[PDB]
2 protein chains.
Amino acid sequence: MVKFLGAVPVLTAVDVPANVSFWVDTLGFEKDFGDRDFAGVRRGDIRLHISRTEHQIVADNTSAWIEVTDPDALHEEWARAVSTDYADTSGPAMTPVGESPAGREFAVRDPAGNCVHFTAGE
Amino acid sequence: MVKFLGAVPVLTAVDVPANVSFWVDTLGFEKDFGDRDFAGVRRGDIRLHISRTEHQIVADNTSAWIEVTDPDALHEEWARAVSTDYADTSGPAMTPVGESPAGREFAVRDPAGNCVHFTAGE
Ligand SMILES: [Cl-]
Ligand SMILES: [Cl-]
Ligand SMILES: [Cu+2]
Ligand SMILES: [Cu+2]
């Protein structure tokens, strides 16, 4: 029997080291490995990879979902360092907490353009 | 403290129903929900989301990593249903299994263009 053990989303970025710095320095993730072409970050029990792309439109259309135990707590933590004006696309930003078919959630748009959703999970 | 429980890659497709069918009908995943705009499939406890995109170039550069206990067995299971001619882009296909920077793995390119890597985990 083959068992499925875990999954790793891949964000894309035209400038990978700049996007890794956001996830690590501002959002508190840990860098696992990485160079200008491909990098991995991690936090808690989850991992994210970041792969270089030549096309900005790919990054502006990439997303991922992460389940966390307390999205409101997480949102208040990051609201100290990330803009809450999501409409302003001149930097990264985060949405308010809202409802989704999956439950409470908010999203972060990172400086590369990826949209990562942080949703309730138990 | 906030805990990070799981992560869900998002594959993209111009035709979501067709890509969902590959994953469910050909690769044996289960369908959790889905319409023409967004869908969710699952195997074991790992999940993948599939989001519609209007631009093929996004699907052609989207990717995901899934960890499994035995990539060689999994490749053999899927060899009677997925082409092994990776270079023929008229349909989905998969690579040979071999060592890579990520560990022993193979990849599948699904009909929508996404590349999903199946790697040995622990
Ligand atoms: Cl969205
Ligand atoms: Cl690749
Ligand atoms: Cu959007
Ligand atoms: Cu490639």
Side-chain angles (χ1 to χ4, degrees), chain A residues 4-13 16 18-32 34 39-50 59-122, chain B residues 1-12 32-35 37-42 44-53 62 64-67:
Chain A
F4 285 59
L5 296 178
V8 187
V10 177
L11 310 185
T12 48
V16 172
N19 201 50
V20 166
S21 293
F22 174 78
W23 286 92
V24 171
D25 291 336
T26 298
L27 299 199
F29 281 57
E30 260 170 63
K31 180 166 179 226
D32 256 2
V41 291
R42 125 196 80 72
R43 182 141 170 196
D45 273 352
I46 66 97
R47 281 180 290 156
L48 289 169
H49 291 344
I50 305 172
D60 282 332
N61 284 280
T62 296
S63 57
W65 260 260
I66 299 308
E67 299 176 321
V68 302
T69 44
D70 194 337
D72 295 271
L74 186 59
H75 187 278
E76 155 173 86
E77 216 169 285
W78 283 345
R80 278 188 325 251
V82 184
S83 164
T84 51
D85 190 354
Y86 195 72
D88 188 343
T89 78
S90 85
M94 162 173 59
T95 64
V97 183
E99 282 273 358
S100 81
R104 294 168 82 61
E105 68 136 85
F106 62 98
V108 173
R109 179 179 65 235
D110 73 5
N114 299 274
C115 187
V116 183
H117 302 244
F118 293 87
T119 172
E122 14 197 353
Chain B
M1 158 240 247
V2 175
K3 279 22 194 288
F4 287 71
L5 299 180
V8 184
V10 175
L11 305 185
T12 51
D32 276 340
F33 59 92
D35 60 15
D37 290 324
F38 198 88
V41 296
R42 161 170 48 62
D45 285 359
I46 77 128
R47 286 181 295 120
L48 297 170
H49 289 341
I50 306 171
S51 182
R52 187 173 63 87
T53 180
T62 293
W65 264 257
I66 291 310
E67 280 163 345

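Values below: every heavy atom of this structure, side chains too, minus hydrogens, waters and symmetry copies. Order of the sequence lines fixes the chain letters, A, B, ..., with proteins taken first and strands second; residue numbering starts at 1 for each chain.
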>> If the condition is salt bridge (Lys or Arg N to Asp or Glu O under 4.0 Å), which residues does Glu105(A) pass it with, not counting sequence neighbours?
In response: none
> Mind checking what makes salt bridge (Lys or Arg N to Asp or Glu O under 4.0 Å) contact with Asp37(B), not counting sequence neighbours?
Replying inline: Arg52(B)
> In Å and rounded to the nearest 0.5 Å, what is the NZ to CD1 distance from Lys3(B) to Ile46(A)?
Replying inline: 15.0 Å
>> Please verify the inter-ring angle class for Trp23(A) with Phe118(A); under 30° counts as parallel, over 60° as perpendicular, anything in between as tilted.
In response: tilted
> Residues in salt bridge (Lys or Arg N to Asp or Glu O under 4.0 Å) with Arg42(A), at least two apart?
Replying inline: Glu30(A), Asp32(A)
>> Has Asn114(A) got a side-chain atom pairing as donor or acceptor with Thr12(A)'s backbone, closer than 3.5 angstrom?
In response: yes
> Do you know the tightest heavy-atom contact between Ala112(A) and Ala59(A)?
Replying inline: O-CB, 3.3 Å
> Regarding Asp85(A) and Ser83(A), is there a side-chain donor-to-acceptor distance under 3.5 Å anywhere?
Replying inline: no
> If you round to the nearest 0.5 Å, how far is CZ of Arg109(A) from OG of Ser63(A)?
Replying inline: 13.5 Å
>> In terms of relative ring orientation, are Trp65(A) and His117(A) parallel, tilted or perpendicular, with 30° and 60° separating the classes?
In response: parallel
> Which atom pair, heavy atoms only, marks the closest approach of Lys31(A) to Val41(A)?
Replying inline: CA-CG1, 4.3 Å
>> Is there a side-chain contact (heavy atoms from CB on, under 4.5 Å) between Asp72(A) and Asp70(A)? Walk through the geometry before answering.
In response: CA-CA 6 Å; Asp72(A) 295 271; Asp70(A) 194 337; 3.7 Å; yes
> What are the two closest non-hydrogen atoms of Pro71(A) and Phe106(A), and how far apart are they?
Replying inline: O-CE2, 3.3 Å
>> Tell me the closest heavy-atom pair linking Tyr86(A) and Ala107(A), and the distance in Å.
In response: CE1-O, 4.5 Å
> Would you say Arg43(A)'s side chain and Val24(A)'s backbone share a donor-acceptor pair under 3.5 angstrom?
Replying inline: no
>> Does the plane of the ring in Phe33(B) sit parallel, tilted or perpendicular to the ring in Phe38(B)? Use 30° and 60° as the thresholds.
In response: parallel
> Quick one: CG on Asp45(B) to CZ on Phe4(A), what's the gap to the nearest 0.5 Å?
Replying inline: 12.0 Å
> When rounded to the nearest 0.5 angstrom, what is the spacing between CG in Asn19(A) and CG in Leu48(A)?
Replying inline: 10.0 Å
>> Looking at every heavy atom in both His75(A) and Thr95(A), which two are closest together, and how far apart are they?
In response: NE2-O, 2.9 Å
> Counting N and O atoms only, with roles assigned by atom type, does the side chain of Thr62(A) sit under 3.5 Å from a partner on the main chain of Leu11(A), one being a donor and the other an acceptor?
Replying inline: no
> Which atom pair, heavy atoms only, marks the closest approach of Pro9(A) to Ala7(A)?
Replying inline: CD-O, 4.0 Å
> How long is the gap from CZ on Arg47(B) to CD on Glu67(A), to the nearest 0.5 Å?
Replying inline: 4.5 Å
> Roughly how far, to the nearest 0.5 Å, is CD of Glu99(A) from OG1 of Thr119(A)?
Replying inline: 8.5 Å
